$ cat model-v1.cif   # mmCIF, N, CA and C atoms
data_coords
loop_
_atom_site.label_atom_id
_atom_site.label_comp_id
_atom_site.auth_asym_id
_atom_site.auth_seq_id
_atom_site.Cartn_x
_atom_site.Cartn_y
_atom_site.Cartn_z
N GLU A 1 -23.93 -19.41 0.10
CA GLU A 1 -23.17 -18.85 -1.00
C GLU A 1 -22.07 -17.94 -0.46
N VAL A 2 -22.37 -17.23 0.63
CA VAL A 2 -21.37 -16.32 1.22
C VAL A 2 -20.19 -17.11 1.74
N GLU A 3 -20.45 -18.19 2.49
CA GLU A 3 -19.35 -19.02 2.98
C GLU A 3 -18.68 -19.77 1.83
N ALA A 4 -19.42 -20.06 0.76
CA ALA A 4 -18.79 -20.54 -0.47
C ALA A 4 -17.87 -19.47 -1.05
N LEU A 5 -18.31 -18.21 -1.04
CA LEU A 5 -17.48 -17.13 -1.57
C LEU A 5 -16.20 -16.98 -0.75
N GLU A 6 -16.32 -16.94 0.58
CA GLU A 6 -15.15 -16.78 1.45
C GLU A 6 -14.05 -17.77 1.09
N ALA A 7 -14.44 -19.01 0.76
CA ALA A 7 -13.46 -20.04 0.45
C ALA A 7 -12.77 -19.77 -0.88
N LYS A 8 -13.56 -19.41 -1.90
CA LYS A 8 -13.00 -19.07 -3.20
C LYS A 8 -12.05 -17.88 -3.09
N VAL A 9 -12.44 -16.88 -2.31
CA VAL A 9 -11.60 -15.70 -2.13
C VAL A 9 -10.30 -16.08 -1.43
N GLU A 10 -10.39 -16.88 -0.37
CA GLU A 10 -9.18 -17.31 0.32
C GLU A 10 -8.28 -18.14 -0.58
N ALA A 11 -8.89 -19.01 -1.39
CA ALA A 11 -8.12 -19.76 -2.38
C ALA A 11 -7.44 -18.83 -3.37
N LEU A 12 -8.12 -17.74 -3.75
CA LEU A 12 -7.54 -16.79 -4.69
C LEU A 12 -6.37 -16.03 -4.06
N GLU A 13 -6.53 -15.59 -2.80
CA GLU A 13 -5.46 -14.86 -2.11
C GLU A 13 -4.19 -15.70 -2.05
N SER A 14 -4.34 -16.99 -1.79
CA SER A 14 -3.18 -17.86 -1.75
C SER A 14 -2.51 -17.93 -3.11
N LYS A 15 -3.30 -18.09 -4.17
CA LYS A 15 -2.71 -18.23 -5.50
C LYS A 15 -2.12 -16.91 -5.98
N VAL A 16 -2.77 -15.79 -5.64
CA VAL A 16 -2.26 -14.50 -6.07
C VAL A 16 -0.93 -14.20 -5.39
N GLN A 17 -0.81 -14.58 -4.11
CA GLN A 17 0.46 -14.39 -3.42
C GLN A 17 1.56 -15.27 -4.01
N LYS A 18 1.25 -16.52 -4.36
CA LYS A 18 2.27 -17.33 -5.02
C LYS A 18 2.66 -16.71 -6.36
N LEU A 19 1.69 -16.19 -7.12
CA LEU A 19 2.00 -15.56 -8.41
C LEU A 19 2.86 -14.32 -8.22
N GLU A 20 2.58 -13.53 -7.18
CA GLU A 20 3.36 -12.32 -6.96
C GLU A 20 4.82 -12.65 -6.67
N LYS A 21 5.06 -13.69 -5.86
CA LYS A 21 6.41 -14.14 -5.56
C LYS A 21 7.12 -14.64 -6.80
N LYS A 22 6.41 -15.41 -7.64
CA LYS A 22 7.03 -15.92 -8.87
C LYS A 22 7.39 -14.78 -9.81
N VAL A 23 6.47 -13.84 -9.99
CA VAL A 23 6.72 -12.77 -10.94
C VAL A 23 7.84 -11.87 -10.44
N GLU A 24 7.91 -11.63 -9.12
CA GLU A 24 9.02 -10.83 -8.59
C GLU A 24 10.35 -11.52 -8.86
N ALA A 25 10.42 -12.83 -8.65
CA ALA A 25 11.64 -13.57 -8.96
C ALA A 25 12.02 -13.41 -10.43
N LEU A 26 11.04 -13.57 -11.33
CA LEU A 26 11.35 -13.43 -12.75
C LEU A 26 11.75 -12.01 -13.11
N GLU A 27 11.05 -11.01 -12.55
CA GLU A 27 11.39 -9.62 -12.85
C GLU A 27 12.77 -9.26 -12.33
N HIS A 28 13.16 -9.81 -11.19
CA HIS A 28 14.41 -9.43 -10.55
C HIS A 28 15.58 -10.30 -10.98
N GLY A 29 15.31 -11.40 -11.67
CA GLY A 29 16.39 -12.31 -12.01
C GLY A 29 16.94 -13.03 -10.81
N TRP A 30 16.13 -13.20 -9.76
CA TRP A 30 16.57 -13.92 -8.59
C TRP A 30 16.97 -15.34 -8.97
N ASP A 31 18.15 -15.76 -8.51
CA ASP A 31 18.60 -17.14 -8.69
C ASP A 31 18.66 -17.58 -10.16
N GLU B 1 -25.44 -7.39 -3.79
CA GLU B 1 -24.00 -7.25 -3.65
C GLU B 1 -23.35 -8.63 -3.66
N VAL B 2 -24.03 -9.62 -3.07
CA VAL B 2 -23.47 -10.97 -3.03
C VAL B 2 -23.37 -11.54 -4.43
N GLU B 3 -24.43 -11.41 -5.23
CA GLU B 3 -24.37 -11.89 -6.60
C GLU B 3 -23.43 -11.03 -7.45
N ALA B 4 -23.28 -9.75 -7.09
CA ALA B 4 -22.21 -8.95 -7.67
C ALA B 4 -20.84 -9.51 -7.30
N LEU B 5 -20.67 -9.93 -6.04
CA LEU B 5 -19.39 -10.50 -5.62
C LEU B 5 -19.09 -11.78 -6.38
N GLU B 6 -20.07 -12.69 -6.45
CA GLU B 6 -19.86 -13.97 -7.14
C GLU B 6 -19.28 -13.76 -8.53
N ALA B 7 -19.74 -12.73 -9.24
CA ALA B 7 -19.29 -12.47 -10.60
C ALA B 7 -17.84 -11.99 -10.61
N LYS B 8 -17.51 -11.05 -9.72
CA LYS B 8 -16.14 -10.57 -9.61
C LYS B 8 -15.19 -11.70 -9.25
N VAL B 9 -15.61 -12.57 -8.33
CA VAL B 9 -14.77 -13.70 -7.93
C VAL B 9 -14.57 -14.65 -9.10
N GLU B 10 -15.64 -14.96 -9.83
CA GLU B 10 -15.50 -15.85 -10.98
C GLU B 10 -14.62 -15.22 -12.06
N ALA B 11 -14.76 -13.92 -12.27
CA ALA B 11 -13.87 -13.22 -13.19
C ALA B 11 -12.42 -13.30 -12.73
N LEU B 12 -12.20 -13.23 -11.41
CA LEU B 12 -10.84 -13.33 -10.87
C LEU B 12 -10.27 -14.72 -11.06
N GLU B 13 -11.07 -15.76 -10.78
CA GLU B 13 -10.60 -17.15 -10.95
C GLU B 13 -10.14 -17.40 -12.37
N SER B 14 -10.89 -16.87 -13.34
CA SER B 14 -10.49 -17.04 -14.73
C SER B 14 -9.16 -16.36 -15.00
N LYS B 15 -8.99 -15.13 -14.51
CA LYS B 15 -7.75 -14.40 -14.79
C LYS B 15 -6.58 -15.01 -14.03
N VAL B 16 -6.82 -15.49 -12.81
CA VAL B 16 -5.73 -16.07 -12.04
C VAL B 16 -5.26 -17.36 -12.69
N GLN B 17 -6.19 -18.14 -13.23
CA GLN B 17 -5.80 -19.36 -13.94
C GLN B 17 -5.01 -19.04 -15.21
N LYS B 18 -5.42 -18.02 -15.97
CA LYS B 18 -4.61 -17.64 -17.12
C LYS B 18 -3.22 -17.19 -16.69
N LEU B 19 -3.13 -16.42 -15.59
CA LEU B 19 -1.82 -15.97 -15.11
C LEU B 19 -0.96 -17.14 -14.66
N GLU B 20 -1.56 -18.14 -14.02
CA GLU B 20 -0.78 -19.28 -13.56
C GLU B 20 -0.18 -20.04 -14.74
N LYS B 21 -0.96 -20.22 -15.81
CA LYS B 21 -0.47 -20.88 -17.01
C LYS B 21 0.64 -20.09 -17.66
N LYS B 22 0.50 -18.76 -17.73
CA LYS B 22 1.54 -17.94 -18.33
C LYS B 22 2.82 -18.01 -17.52
N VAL B 23 2.71 -17.89 -16.20
CA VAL B 23 3.91 -17.86 -15.38
C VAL B 23 4.60 -19.22 -15.42
N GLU B 24 3.82 -20.31 -15.44
CA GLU B 24 4.45 -21.63 -15.55
C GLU B 24 5.23 -21.76 -16.85
N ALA B 25 4.65 -21.29 -17.96
CA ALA B 25 5.37 -21.30 -19.23
C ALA B 25 6.67 -20.51 -19.13
N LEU B 26 6.62 -19.31 -18.55
CA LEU B 26 7.84 -18.51 -18.43
C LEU B 26 8.85 -19.17 -17.50
N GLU B 27 8.38 -19.72 -16.37
CA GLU B 27 9.31 -20.36 -15.44
C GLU B 27 9.95 -21.59 -16.04
N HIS B 28 9.21 -22.32 -16.87
CA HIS B 28 9.71 -23.58 -17.40
C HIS B 28 10.43 -23.42 -18.73
N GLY B 29 10.33 -22.24 -19.35
CA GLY B 29 10.92 -22.08 -20.66
C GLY B 29 10.18 -22.85 -21.72
N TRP B 30 8.89 -23.12 -21.51
CA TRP B 30 8.11 -23.82 -22.51
C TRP B 30 8.10 -23.04 -23.82
N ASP B 31 8.39 -23.74 -24.92
CA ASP B 31 8.30 -23.15 -26.25
C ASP B 31 9.19 -21.91 -26.43
N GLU C 1 -19.39 -9.83 7.14
CA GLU C 1 -18.52 -10.70 6.37
C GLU C 1 -18.60 -10.33 4.89
N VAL C 2 -19.79 -9.93 4.44
CA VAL C 2 -19.95 -9.56 3.03
C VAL C 2 -19.13 -8.32 2.71
N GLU C 3 -19.21 -7.30 3.56
CA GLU C 3 -18.41 -6.10 3.33
C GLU C 3 -16.92 -6.39 3.56
N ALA C 4 -16.61 -7.36 4.43
CA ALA C 4 -15.24 -7.86 4.50
C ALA C 4 -14.83 -8.52 3.19
N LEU C 5 -15.74 -9.30 2.58
CA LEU C 5 -15.43 -9.95 1.31
C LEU C 5 -15.18 -8.92 0.22
N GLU C 6 -16.08 -7.93 0.10
CA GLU C 6 -15.94 -6.90 -0.94
C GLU C 6 -14.54 -6.30 -0.94
N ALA C 7 -13.97 -6.08 0.26
CA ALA C 7 -12.66 -5.46 0.37
C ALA C 7 -11.56 -6.40 -0.11
N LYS C 8 -11.63 -7.67 0.31
CA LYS C 8 -10.66 -8.66 -0.15
C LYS C 8 -10.72 -8.82 -1.66
N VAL C 9 -11.92 -8.84 -2.22
CA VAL C 9 -12.08 -8.98 -3.67
C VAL C 9 -11.49 -7.77 -4.38
N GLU C 10 -11.78 -6.57 -3.88
CA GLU C 10 -11.23 -5.37 -4.51
C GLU C 10 -9.71 -5.34 -4.40
N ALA C 11 -9.18 -5.77 -3.25
CA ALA C 11 -7.73 -5.90 -3.11
C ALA C 11 -7.16 -6.90 -4.11
N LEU C 12 -7.90 -7.99 -4.36
CA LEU C 12 -7.44 -8.99 -5.32
C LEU C 12 -7.46 -8.45 -6.74
N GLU C 13 -8.53 -7.74 -7.12
CA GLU C 13 -8.62 -7.16 -8.47
C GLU C 13 -7.45 -6.24 -8.75
N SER C 14 -7.06 -5.45 -7.76
CA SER C 14 -5.92 -4.56 -7.94
C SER C 14 -4.65 -5.36 -8.16
N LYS C 15 -4.43 -6.41 -7.36
CA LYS C 15 -3.20 -7.18 -7.49
C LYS C 15 -3.19 -8.00 -8.77
N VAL C 16 -4.35 -8.52 -9.17
CA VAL C 16 -4.41 -9.31 -10.39
C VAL C 16 -4.12 -8.44 -11.60
N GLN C 17 -4.62 -7.20 -11.59
CA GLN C 17 -4.33 -6.29 -12.69
C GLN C 17 -2.85 -5.93 -12.73
N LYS C 18 -2.22 -5.69 -11.58
CA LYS C 18 -0.78 -5.45 -11.61
C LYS C 18 -0.03 -6.67 -12.14
N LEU C 19 -0.45 -7.88 -11.74
CA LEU C 19 0.21 -9.09 -12.23
C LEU C 19 0.03 -9.25 -13.73
N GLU C 20 -1.16 -8.92 -14.25
CA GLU C 20 -1.39 -9.06 -15.68
C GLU C 20 -0.48 -8.15 -16.48
N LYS C 21 -0.31 -6.91 -16.01
CA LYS C 21 0.59 -5.96 -16.66
C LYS C 21 2.03 -6.43 -16.61
N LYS C 22 2.46 -6.97 -15.47
CA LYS C 22 3.84 -7.46 -15.36
C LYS C 22 4.06 -8.64 -16.29
N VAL C 23 3.13 -9.58 -16.31
CA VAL C 23 3.33 -10.78 -17.11
C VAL C 23 3.31 -10.42 -18.60
N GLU C 24 2.44 -9.47 -18.99
CA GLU C 24 2.43 -9.05 -20.39
C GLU C 24 3.77 -8.44 -20.78
N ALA C 25 4.33 -7.60 -19.91
CA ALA C 25 5.65 -7.04 -20.19
C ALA C 25 6.70 -8.14 -20.35
N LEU C 26 6.69 -9.13 -19.45
CA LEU C 26 7.67 -10.20 -19.56
C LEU C 26 7.43 -11.04 -20.81
N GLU C 27 6.17 -11.35 -21.12
CA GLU C 27 5.88 -12.15 -22.31
C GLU C 27 6.26 -11.42 -23.59
N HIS C 28 6.10 -10.11 -23.61
CA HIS C 28 6.32 -9.34 -24.83
C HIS C 28 7.74 -8.83 -24.95
N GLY C 29 8.53 -8.93 -23.88
CA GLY C 29 9.86 -8.35 -23.92
C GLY C 29 9.84 -6.85 -23.95
N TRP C 30 8.79 -6.23 -23.42
CA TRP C 30 8.72 -4.78 -23.37
C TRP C 30 9.90 -4.24 -22.57
N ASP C 31 10.58 -3.24 -23.14
CA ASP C 31 11.65 -2.54 -22.44
C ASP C 31 12.78 -3.46 -21.97
#
$ encode --input "model-v1.cif" --output "structure tokens"
Amino acid sequence: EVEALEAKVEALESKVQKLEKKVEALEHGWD
Amino acid sequence: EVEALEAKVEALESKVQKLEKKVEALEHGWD
Amino acid sequence: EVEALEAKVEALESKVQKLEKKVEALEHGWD
């Protein structure tokens, strides 16, 4: 379960980073 | 603590999925 | 690894909450 957790967490970190980049672009009016 | 973690992670997956849907709508101009 | 996980999860909760606040502002047209 722990190694199952590590994978879910790593999957979340990737998605949260993509979301942060998207939201920054929208907040800043980039492009 | 592990079963405490599993719950926090599952709570995060739900919120991250809602955020992804919201950001896609905003990025795409849906509706 | 478990205490490593707890930290990553807590870091994620903080970022997900900031993202939720940002997206709500954008969705609502706040300010």
$ closest_atom_pairs --input "model-v1.cif" --of "chain C" --to "chain A" --cutoff "8 Å" --atoms "all atoms listed in the file" --output "tab-separated table"
residue	atom	partner	partner_atom	distance
C:1	C	A:2	CA	7.6
C:2	CA	A:2	CA	7.1
C:5	CA	A:6	CA	6.8
C:8	C	A:9	CA	7.0
C:9	N	A:9	CA	6.9
C:12	CA	A:13	CA	7.0
C:15	C	A:16	CA	7.1
C:16	N	A:16	CA	7.1
C:19	CA	A:20	CA	6.9
C:22	C	A:23	CA	7.3
C:23	N	A:23	CA	7.2
C:26	CA	A:27	CA	7.7
$ calpha_fit_and_write --input "model-v1.cif" --fixed "chain B" --moving "chain A" --output "short mmCIF file (atom, residue, chain, number, x, y, z; two decimals) with N, CA and C atoms, in the frame of the given file"
data_model
loop_
_atom_site.label_atom_id
_atom_site.label_comp_id
_atom_site.auth_asym_id
_atom_site.auth_seq_id
_atom_site.Cartn_x
_atom_site.Cartn_y
_atom_site.Cartn_z
N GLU A 1 -25.44 -7.39 -3.78
CA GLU A 1 -24.00 -7.25 -3.65
C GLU A 1 -23.35 -8.63 -3.66
N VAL A 2 -24.03 -9.61 -3.07
CA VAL A 2 -23.47 -10.98 -3.03
C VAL A 2 -23.36 -11.54 -4.43
N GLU A 3 -24.43 -11.41 -5.23
CA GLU A 3 -24.37 -11.89 -6.61
C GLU A 3 -23.43 -11.03 -7.44
N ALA A 4 -23.27 -9.75 -7.09
CA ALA A 4 -22.20 -8.95 -7.67
C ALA A 4 -20.84 -9.51 -7.30
N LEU A 5 -20.67 -9.93 -6.04
CA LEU A 5 -19.39 -10.50 -5.62
C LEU A 5 -19.09 -11.79 -6.38
N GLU A 6 -20.06 -12.70 -6.45
CA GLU A 6 -19.86 -13.98 -7.14
C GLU A 6 -19.28 -13.77 -8.54
N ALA A 7 -19.74 -12.73 -9.24
CA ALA A 7 -19.28 -12.48 -10.59
C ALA A 7 -17.84 -12.00 -10.61
N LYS A 8 -17.51 -11.06 -9.72
CA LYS A 8 -16.14 -10.57 -9.61
C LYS A 8 -15.19 -11.71 -9.25
N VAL A 9 -15.61 -12.57 -8.34
CA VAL A 9 -14.77 -13.70 -7.93
C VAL A 9 -14.57 -14.65 -9.10
N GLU A 10 -15.64 -14.97 -9.83
CA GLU A 10 -15.50 -15.84 -10.98
C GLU A 10 -14.62 -15.23 -12.05
N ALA A 11 -14.76 -13.92 -12.27
CA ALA A 11 -13.87 -13.22 -13.18
C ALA A 11 -12.42 -13.30 -12.72
N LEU A 12 -12.20 -13.24 -11.40
CA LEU A 12 -10.84 -13.32 -10.87
C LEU A 12 -10.26 -14.73 -11.06
N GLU A 13 -11.07 -15.77 -10.79
CA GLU A 13 -10.60 -17.15 -10.94
C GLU A 13 -10.14 -17.40 -12.38
N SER A 14 -10.88 -16.87 -13.34
CA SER A 14 -10.49 -17.04 -14.73
C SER A 14 -9.16 -16.36 -15.00
N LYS A 15 -8.99 -15.14 -14.51
CA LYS A 15 -7.76 -14.41 -14.79
C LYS A 15 -6.58 -15.01 -14.04
N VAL A 16 -6.82 -15.49 -12.81
CA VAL A 16 -5.73 -16.07 -12.04
C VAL A 16 -5.25 -17.36 -12.69
N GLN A 17 -6.19 -18.15 -13.23
CA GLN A 17 -5.79 -19.36 -13.94
C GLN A 17 -5.01 -19.04 -15.21
N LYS A 18 -5.42 -18.02 -15.97
CA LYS A 18 -4.61 -17.65 -17.13
C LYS A 18 -3.22 -17.19 -16.69
N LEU A 19 -3.13 -16.42 -15.59
CA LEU A 19 -1.82 -15.97 -15.11
C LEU A 19 -0.96 -17.14 -14.67
N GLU A 20 -1.56 -18.14 -14.02
CA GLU A 20 -0.78 -19.28 -13.56
C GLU A 20 -0.18 -20.04 -14.73
N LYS A 21 -0.96 -20.22 -15.81
CA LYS A 21 -0.47 -20.88 -17.01
C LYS A 21 0.65 -20.09 -17.66
N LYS A 22 0.50 -18.76 -17.73
CA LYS A 22 1.55 -17.93 -18.34
C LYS A 22 2.83 -18.00 -17.53
N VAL A 23 2.71 -17.89 -16.21
CA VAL A 23 3.91 -17.86 -15.38
C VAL A 23 4.60 -19.22 -15.41
N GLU A 24 3.82 -20.31 -15.44
CA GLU A 24 4.45 -21.64 -15.55
C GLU A 24 5.23 -21.76 -16.85
N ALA A 25 4.66 -21.29 -17.96
CA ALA A 25 5.37 -21.30 -19.23
C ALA A 25 6.68 -20.52 -19.13
N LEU A 26 6.62 -19.31 -18.55
CA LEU A 26 7.84 -18.52 -18.43
C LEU A 26 8.85 -19.16 -17.50
N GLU A 27 8.38 -19.71 -16.37
CA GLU A 27 9.31 -20.35 -15.43
C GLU A 27 9.95 -21.58 -16.05
N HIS A 28 9.22 -22.32 -16.87
CA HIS A 28 9.71 -23.58 -17.40
C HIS A 28 10.43 -23.42 -18.73
N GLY A 29 10.33 -22.25 -19.34
CA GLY A 29 10.92 -22.08 -20.66
C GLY A 29 10.19 -22.85 -21.72
N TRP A 30 8.89 -23.12 -21.52
CA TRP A 30 8.11 -23.82 -22.51
C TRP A 30 8.11 -23.04 -23.82
N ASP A 31 8.39 -23.74 -24.92
CA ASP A 31 8.30 -23.15 -26.25
C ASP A 31 9.18 -21.91 -26.43
#
$ atom_distance --input "model-v1.cif" --atom1 "atom C of residue 21 in chain B" --atom2 "atom N of residue 21 in chain C"
13.3 Å
$ atom_distance --input "model-v1.cif" --atom1 "atom N of residue 7 in chain C" --atom2 "atom N of residue 25 in chain A"
26.8 Å
$ atom_distance --input "model-v1.cif" --atom1 "atom C of residue 29 in chain B" --atom2 "atom C of residue 31 in chain C"
19.6 Å
